[PDB]
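Before any comments, here is the structure.
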Amino acid sequence: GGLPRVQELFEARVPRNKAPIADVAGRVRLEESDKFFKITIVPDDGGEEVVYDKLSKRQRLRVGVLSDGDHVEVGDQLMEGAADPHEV
């Protein structure tokens, strides 16, 4: 979170602590595993459910804060962190 972060962005590098971006739009089914997180996106498209299996409980969520049933637009960030520029 500083000059290294700025250098991280201009250099097009994968962030230290990553974070998923929604691959499709729709409501989310959120589950807490043992010392883990699982976020499943039920798309408005009515198609294949997109699942993000394991996310460390330390990264928290994007604020407000995500809860079960919240609608998610495509490019929205899920859990707090730095999203992969190559991913968006």
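Following the order of the structure tokens, chains are lettered A, B, ..., residues in each are numbered from 1, and ligands are numbered from 1.
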Selection near residue 38 in chain A, 10 Å with only C-alpha atoms, sequence-local residues under 3 positions removed, as JSON, numbers by chain: {"A": [29, 30, 31, 32, 33, 51, 52, 53, 54, 55, 56, 57]}
List every residue of chain A that DSSP, applied to the backbone of this structure, assigns to strand (DSSP E or B), and report them as a PyMOL selection string. chain A and resi 21+26-33+36-43+50-55+71-72+77
Selected residues, N, CA and C atoms, written as a PDB file, in the first residue's frame, please.
ATOM      1  N   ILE A  21     -12.490 -11.262  -9.459  1.00  0.00           N
ATOM      2  CA  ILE A  21     -13.482 -10.403 -10.094  1.00  0.00           C
ATOM      3  C   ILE A  21     -14.566 -11.296 -10.676  1.00  0.00           C
ATOM      4  N   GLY A  26     -24.888 -11.794 -11.517  1.00  0.00           N
ATOM      5  CA  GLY A  26     -25.954 -12.533 -10.872  1.00  0.00           C
ATOM      6  C   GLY A  26     -25.791 -12.511  -9.367  1.00  0.00           C
ATOM      7  N   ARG A  27     -26.777 -13.101  -8.698  1.00  0.00           N
ATOM      8  CA  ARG A  27     -26.734 -13.201  -7.247  1.00  0.00           C
ATOM      9  C   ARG A  27     -25.654 -14.187  -6.812  1.00  0.00           C
ATOM     10  N   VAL A  28     -25.221 -14.045  -5.561  1.00  0.00           N
ATOM     11  CA  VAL A  28     -24.118 -14.825  -5.012  1.00  0.00           C
ATOM     12  C   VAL A  28     -24.640 -15.721  -3.900  1.00  0.00           C
ATOM     13  N   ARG A  29     -24.156 -16.961  -3.873  1.00  0.00           N
ATOM     14  CA  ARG A  29     -24.382 -17.881  -2.765  1.00  0.00           C
ATOM     15  C   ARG A  29     -23.059 -18.030  -2.024  1.00  0.00           C
ATOM     16  N   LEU A  30     -22.985 -17.458  -0.826  1.00  0.00           N
ATOM     17  CA  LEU A  30     -21.747 -17.400  -0.060  1.00  0.00           C
ATOM     18  C   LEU A  30     -21.772 -18.428   1.064  1.00  0.00           C
ATOM     19  N   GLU A  31     -20.691 -19.199   1.179  1.00  0.00           N
ATOM     20  CA  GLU A  31     -20.547 -20.217   2.209  1.00  0.00           C
ATOM     21  C   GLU A  31     -19.184 -20.079   2.872  1.00  0.00           C
ATOM     22  N   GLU A  32     -19.144 -20.304   4.183  1.00  0.00           N
ATOM     23  CA  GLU A  32     -17.903 -20.279   4.948  1.00  0.00           C
ATOM     24  C   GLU A  32     -17.491 -21.717   5.239  1.00  0.00           C
ATOM     25  N   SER A  33     -16.393 -22.155   4.630  1.00  0.00           N
ATOM     26  CA  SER A  33     -15.803 -23.438   4.978  1.00  0.00           C
ATOM     27  C   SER A  33     -14.959 -23.277   6.240  1.00  0.00           C
ATOM     28  N   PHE A  36     -11.957 -21.001   5.594  1.00  0.00           N
ATOM     29  CA  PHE A  36     -12.009 -20.798   4.154  1.00  0.00           C
ATOM     30  C   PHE A  36     -13.322 -20.125   3.786  1.00  0.00           C
ATOM     31  N   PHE A  37     -13.369 -19.626   2.553  1.00  0.00           N
ATOM     32  CA  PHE A  37     -14.544 -18.986   1.984  1.00  0.00           C
ATOM     33  C   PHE A  37     -14.877 -19.637   0.650  1.00  0.00           C
ATOM     34  N   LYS A  38     -16.171 -19.699   0.343  1.00  0.00           N
ATOM     35  CA  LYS A  38     -16.641 -20.139  -0.963  1.00  0.00           C
ATOM     36  C   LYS A  38     -17.746 -19.205  -1.426  1.00  0.00           C
ATOM     37  N   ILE A  39     -17.594 -18.663  -2.631  1.00  0.00           N
ATOM     38  CA  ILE A  39     -18.563 -17.743  -3.217  1.00  0.00           C
ATOM     39  C   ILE A  39     -18.993 -18.304  -4.564  1.00  0.00           C
ATOM     40  N   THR A  40     -20.272 -18.646  -4.677  1.00  0.00           N
ATOM     41  CA  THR A  40     -20.854 -19.152  -5.912  1.00  0.00           C
ATOM     42  C   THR A  40     -21.772 -18.090  -6.503  1.00  0.00           C
ATOM     43  N   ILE A  41     -21.587 -17.799  -7.786  1.00  0.00           N
ATOM     44  CA  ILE A  41     -22.373 -16.791  -8.487  1.00  0.00           C
ATOM     45  C   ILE A  41     -23.456 -17.509  -9.282  1.00  0.00           C
ATOM     46  N   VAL A  42     -24.710 -17.317  -8.885  1.00  0.00           N
ATOM     47  CA  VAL A  42     -25.859 -17.800  -9.645  1.00  0.00           C
ATOM     48  C   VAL A  42     -26.215 -16.722 -10.667  1.00  0.00           C
ATOM     49  N   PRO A  43     -25.912 -16.913 -11.946  1.00  0.00           N
ATOM     50  CA  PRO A  43     -26.077 -15.827 -12.915  1.00  0.00           C
ATOM     51  C   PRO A  43     -27.532 -15.579 -13.274  1.00  0.00           C
ATOM     52  N   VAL A  50     -20.983 -20.312 -11.575  1.00  0.00           N
ATOM     53  CA  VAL A  50     -19.554 -20.033 -11.483  1.00  0.00           C
ATOM     54  C   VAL A  50     -19.170 -20.032 -10.011  1.00  0.00           C
ATOM     55  N   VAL A  51     -18.240 -20.908  -9.641  1.00  0.00           N
ATOM     56  CA  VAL A  51     -17.845 -21.105  -8.252  1.00  0.00           C
ATOM     57  C   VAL A  51     -16.398 -20.670  -8.073  1.00  0.00           C
ATOM     58  N   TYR A  52     -16.133 -19.980  -6.968  1.00  0.00           N
ATOM     59  CA  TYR A  52     -14.783 -19.642  -6.531  1.00  0.00           C
ATOM     60  C   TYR A  52     -14.544 -20.392  -5.225  1.00  0.00           C
ATOM     61  N   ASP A  53     -13.730 -21.447  -5.293  1.00  0.00           N
ATOM     62  CA  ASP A  53     -13.743 -22.476  -4.257  1.00  0.00           C
ATOM     63  C   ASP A  53     -13.193 -21.960  -2.932  1.00  0.00           C
ATOM     64  N   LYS A  54     -11.919 -21.575  -2.906  1.00  0.00           N
ATOM     65  CA  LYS A  54     -11.225 -21.275  -1.660  1.00  0.00           C
ATOM     66  C   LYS A  54     -10.716 -19.842  -1.664  1.00  0.00           C
ATOM     67  N   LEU A  55     -11.067 -19.094  -0.620  1.00  0.00           N
ATOM     68  CA  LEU A  55     -10.553 -17.750  -0.404  1.00  0.00           C
ATOM     69  C   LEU A  55     -10.251 -17.580   1.077  1.00  0.00           C
ATOM     70  N   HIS A  71     -26.538  -8.688  -5.366  1.00  0.00           N
ATOM     71  CA  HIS A  71     -26.337  -8.701  -6.807  1.00  0.00           C
ATOM     72  C   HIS A  71     -24.956  -8.155  -7.145  1.00  0.00           C
ATOM     73  N   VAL A  72     -24.312  -8.762  -8.137  1.00  0.00           N
ATOM     74  CA  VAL A  72     -22.936  -8.438  -8.493  1.00  0.00           C
ATOM     75  C   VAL A  72     -22.860  -8.196  -9.993  1.00  0.00           C
ATOM     76  N   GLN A  77     -15.232  -6.285  -7.941  1.00  0.00           N
ATOM     77  CA  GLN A  77     -14.293  -7.056  -7.140  1.00  0.00           C
ATOM     78  C   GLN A  77     -15.033  -7.740  -5.993  1.00  0.00           C
TER      79      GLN A  77
END
Would you list the contacts of residue 87 in chain A as a PDB file with C-alpha atoms, in the first residue's frame, taking every protein, DNA or RNA residue within 12 Å and counting only C-alpha atoms, but skipping same-chain residues closer than 3 positions in sequence?
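Result file follows (result.pdb):
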ATOM      1  CA  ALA A  12       1.655  -4.992 -14.748  1.00  0.00           C
ATOM      2  CA  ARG A  13       2.410  -7.592 -12.074  1.00  0.00           C
ATOM      3  CA  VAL A  14       0.082 -10.006 -10.299  1.00  0.00           C
ATOM      4  CA  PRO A  15      -0.694  -8.421  -6.902  1.00  0.00           C
ATOM      5  CA  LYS A  18      -4.945 -11.335  -5.125  1.00  0.00           C
ATOM      6  CA  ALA A  19      -8.740 -11.033  -5.321  1.00  0.00           C
ATOM      7  CA  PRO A  20     -11.399 -12.444  -7.674  1.00  0.00           C
ATOM      8  CA  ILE A  21     -13.482 -10.403 -10.094  1.00  0.00           C
ATOM      9  CA  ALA A  22     -16.936 -11.663 -11.026  1.00  0.00           C
ATOM     10  CA  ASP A  23     -16.738 -13.542 -14.323  1.00  0.00           C
ATOM     11  CA  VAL A  74     -19.511  -8.211 -14.055  1.00  0.00           C
ATOM     12  CA  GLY A  75     -16.361  -6.227 -13.316  1.00  0.00           C
ATOM     13  CA  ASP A  76     -16.977  -5.935  -9.579  1.00  0.00           C
ATOM     14  CA  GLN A  77     -14.293  -7.056  -7.140  1.00  0.00           C
ATOM     15  CA  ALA A  82      -5.835  -5.961  -5.525  1.00  0.00           C
ATOM     16  CA  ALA A  83      -7.481  -7.451  -8.600  1.00  0.00           C
ATOM     17  CA  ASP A  84      -5.282  -8.897 -11.337  1.00  0.00           C
TER      18      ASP A  84
END
Which neighbours of residue 10 in chain A fall inside 12 Å, counting only C-alpha atoms, when residues of the same chain fewer than 6 positions from it are skipped, and could you give them as number ranges by chain? A: 3-4, 85
Pairwise distance for CA of residue 59 in chain A and CA of residue 88 in chain A, rounded to one decimal in Å: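 It comes out at 18.9 Å.
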Can you pull out every residue from chain A that DSSP, working from the backbone, puts in helix (DSSP H, G or I), and format the result as a PyMOL selection string? chain A and resi 3-10+57-59
Near residue 80 in chain A, counting only C-alpha atoms, which residues have an atom at most 6 Å away, once you skip same-chain residues fewer than 5 positions from it, shown as a PyMOL selection string? chain A and resi 59-62
d(CA of residue 45 in chain A, CA of residue 81 in chain A) in Å: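 Computing the Euclidean distance for CA of residue 45 in chain A and CA of residue 81 in chain A yields 27.3 Å.
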Could you tell me how far CA of residue 44 in chain A sits from CA of residue 66 in chain A, in Å to one decimal place?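 According to the coordinates, CA of residue 66 in chain A and CA of residue 44 in chain A are separated by 17.7 Å.
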